[PDB]
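Shown below, as structure tokens, is a lone chain in the form deposited in one PDB entry; questions about how it binds or moves come after it.
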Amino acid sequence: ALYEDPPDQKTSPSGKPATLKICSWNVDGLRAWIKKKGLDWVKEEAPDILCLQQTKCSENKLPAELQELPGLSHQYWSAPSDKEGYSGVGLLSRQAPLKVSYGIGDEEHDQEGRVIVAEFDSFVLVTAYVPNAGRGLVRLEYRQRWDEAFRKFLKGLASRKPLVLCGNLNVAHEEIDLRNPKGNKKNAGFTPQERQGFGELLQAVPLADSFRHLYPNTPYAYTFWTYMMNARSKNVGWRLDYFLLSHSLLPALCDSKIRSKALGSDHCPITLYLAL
């Protein structure tokens, strides 16, 4: 079925106005995304922080348009060590962070440009492009090792400051999180291994799935659709892009959105409103 995201709630559970708007977008090709007008949409969304995944663009090749952003002038990027048109993330912020770091501090998992950590006054923001398990599940063994190192890293982070994690986590947690769960139980993104790890991630850190916390029974809300088979026109998709929050931020949570109608990738953007 087709999905309509409800209007933005911009007041917190205590009536306080949202002060921080974070948008996250797996652009799947930063340069093509910009050519497909992605930055225009960004300028109208006007986030305070913009997190990008699957940029597929080395630092040298960053399009000129990106410095034309004066509302997101503090920009951080991470590309793979050696694979050239692969993976990649970026973090653009209105205000300068206190401290920015790349990767999770584990050599094996910090070579594919997947993680940026940005520390702000009252929280830490992580954006991540989690490794796909791969066609025929060839990288599933590696993915399970990623899941554990990433969980352990995030647990340490969240022990020192409240944590926001966003981006393409490359799993649909539960059957409500994709249109065809039955046919996908042996495909990347919906293996029991990947689903288990996501559950362990929520419990171990701990983290809450912002969108599920507010809309725990809302079906057909997805963030990705294959380019093939006209999937997006039929809303045959997966919810792969999340905002995961420390529990102590839940009273700061105003809304967690899915921007279904913004085009330019095979993912749509998602947006978090917090009252900090």
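In this text, residue numbers run from 1 along the sequence as written.
Another form, the form deposited with a small molecule bound, is not on view; read the next lines as being about it.
Put simply, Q193 is far from the small molecule in the deposited complex: not one heavy atom of it is within 4.5 Å.
In the deposited complex, no heavy atom of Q203 sits within 4.5 Å of the small molecule.
The closest non-hydrogen atom of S93 lies within 4.5 Å of the small molecule in the deposited complex. When the small molecule is considered in the deposited complex, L20 lines it closely, a heavy atom lying within 4.5 Å. Contact with the small molecule in the deposited complex, judged by any heavy atom within 4.5 Å, is made by just one of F153, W146, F120, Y76: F120. Residue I49 is the only one of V27, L244, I49, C57 with a heavy atom lying within 4.5 Å of the small molecule in the deposited complex. Per the 4.5 Å heavy atom criterion, the small molecule in the deposited complex is contacted by stretch 94 to 102, the sole one of 132 to 140, 193 to 201, 94 to 102, 180 to 188.
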